[PDB]
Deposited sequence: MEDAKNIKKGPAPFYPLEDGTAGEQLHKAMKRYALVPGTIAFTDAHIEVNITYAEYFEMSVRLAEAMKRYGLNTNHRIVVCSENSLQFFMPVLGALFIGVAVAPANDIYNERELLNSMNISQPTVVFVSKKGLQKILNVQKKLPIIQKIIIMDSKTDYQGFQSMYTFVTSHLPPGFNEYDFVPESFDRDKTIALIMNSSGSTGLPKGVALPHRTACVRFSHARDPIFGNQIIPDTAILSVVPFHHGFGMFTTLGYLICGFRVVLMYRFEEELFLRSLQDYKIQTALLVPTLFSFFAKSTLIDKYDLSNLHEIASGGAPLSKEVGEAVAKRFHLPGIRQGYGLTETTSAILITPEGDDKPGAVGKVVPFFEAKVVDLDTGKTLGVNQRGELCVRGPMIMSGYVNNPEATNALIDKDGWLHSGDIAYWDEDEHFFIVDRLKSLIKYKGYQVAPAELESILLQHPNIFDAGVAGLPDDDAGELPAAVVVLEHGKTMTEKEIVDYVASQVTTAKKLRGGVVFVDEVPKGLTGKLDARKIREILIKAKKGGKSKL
């Protein structure tokens, strides 16, 4: 039992009611404080207040209700990050309609797969994503209505959220007398998120309202989240359609924070925005740390108010993290680790309990352990195995896929992450890598991160994978973005014999990786397999 790591009691208690009720209540309070800003588009320098956000979301909620949407229905939200993104999200949560965000850069096959799973009756989509939706809806007769998110007028023959609302709301509708729907928060689905899909096509991850309600505890937790304090602004550059961006942003709204967003990253827009908006917290993914590592523009700006930079969703090398923290005059980088299937982060760096390299400690309400791959036995301190976690943010299941659900989550509620991890004498957790990413040369384990960090030492980017053999099983190899034998012999001079770059090198102009910064191990393997 000493080998089960447990979250402590929460510093902010779990709240009663559906996630919709909790968001409604908080945002109505902020709405009544004049000038409170909920979202800011840093690209166009436009703000929207809580009063405006609250009022439009409630109008969208009532309209959707009058349209006939209820807990038997799903909507899709398909959009890049924007001021409008969370309007249909909140509207739907207020009335118990399940929300299925669809990645806005999905190709048509991926997009069709996602909506085939969520089976939406109504699709909310940005101007930019509209055509992809049209290109696949023929195969999805479930869809009865398409609404454009980021237009005020009708747009290409489709209603916008504004004209939709106006065609279903009484003109004398009072937003402040609206009452959100009450329902069973364990049974009623809040979100249907898409999984990563290592085993192929993504799945639909169903998240009861309860898991959002537990997130809101973590979010308001002064130690595992961010204490509610007026005039707090966050700069977020994380995709809203992904678990990382979805449940941080809903938390920030519950906290009454100003969420400063950007539809795409640019170094200077980011840095000026930190300054001019007096940002207290920047929420990043690891891939962006490259730009900030070399400094450049940083020390020009007044970042007096920056308290923390938080990373998640992918590995962050200890070196880069420490380097970037130093430049920003921060003690370190705050981490969070989670999976779509755990709703949000369930390992988080507690305030004042930092340890370089660690992704943090088990959050309140949760437990974690690491197990033997061969027998499933619980392992002890410093022993690497598969990270398993359990707690009330674990998904209720993959939509219409009970087999995959049971393959992931066992009878005691443990979710099997597919990550190799260990914990230390103080209960800090370290992520080694995805198990499927590990390289096995003649029986010995080789972790790509160590070879990558070593290749990064040479005076731009790189990805390490296992080139198959026949005797060795795999040989450590790398694709490298420049700023072969020169690299190979350099590596062999930094590591032990078992983890030398016998696989070779393949030069590319870009290392394949996902939105949140996870390397595409499969694509990198194909690149090496073709070349060498």
item	value
Deposited-sequence stretches lacking C-alpha coordinates, listed in sequence order	1-3, 463-464, 489-494, 544-550
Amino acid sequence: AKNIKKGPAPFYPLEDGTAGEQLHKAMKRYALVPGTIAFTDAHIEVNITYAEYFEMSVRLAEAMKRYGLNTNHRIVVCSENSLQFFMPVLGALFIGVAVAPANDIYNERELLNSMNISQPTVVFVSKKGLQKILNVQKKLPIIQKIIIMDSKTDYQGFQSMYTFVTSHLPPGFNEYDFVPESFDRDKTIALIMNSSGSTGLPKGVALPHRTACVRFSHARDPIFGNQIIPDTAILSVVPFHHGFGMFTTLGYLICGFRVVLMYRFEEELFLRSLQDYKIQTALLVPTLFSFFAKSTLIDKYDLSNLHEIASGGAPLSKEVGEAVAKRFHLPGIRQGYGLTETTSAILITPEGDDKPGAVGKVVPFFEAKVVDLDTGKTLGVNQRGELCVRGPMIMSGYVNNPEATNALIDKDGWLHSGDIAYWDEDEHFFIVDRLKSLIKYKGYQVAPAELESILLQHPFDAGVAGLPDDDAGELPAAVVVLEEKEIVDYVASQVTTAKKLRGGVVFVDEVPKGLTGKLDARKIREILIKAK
From here on, numbers count along this sequence of modelled residues.
{"item": "Comparing 53-61 with 471-479, the one whose average Cα B-factor in the PDB entry is higher", "value": "471-479"}
{"item": "Mean Cα B-factor comparison, 226-234 or 328-336, giving the higher one as deposited", "value": "328-336"}
{"item": "Out of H73, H218, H458, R210, highest CA B-factor residue", "value": "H458"}
{"item": "Which of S160, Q119, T375, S295 ranks first by CA B-factor in the deposited coordinates", "value": "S295"}
{"item": "CA B-factor ranking of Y490, expressed as a third of its chain", "value": "highest"}
{"item": "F39 by Cα B-factor - lowest, middle or highest third of the modelled chain", "value": "lowest"}
{"item": "Chain third (lowest, middle, highest) by recorded CA B-factor, residue given as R390", "value": "lowest"}
{"item": "Assigned third (lowest, middle, highest) for the C-alpha B factor of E341", "value": "lowest"}
{"item": "For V46, the third of its chain into which the C-alpha B factor falls", "value": "middle"}
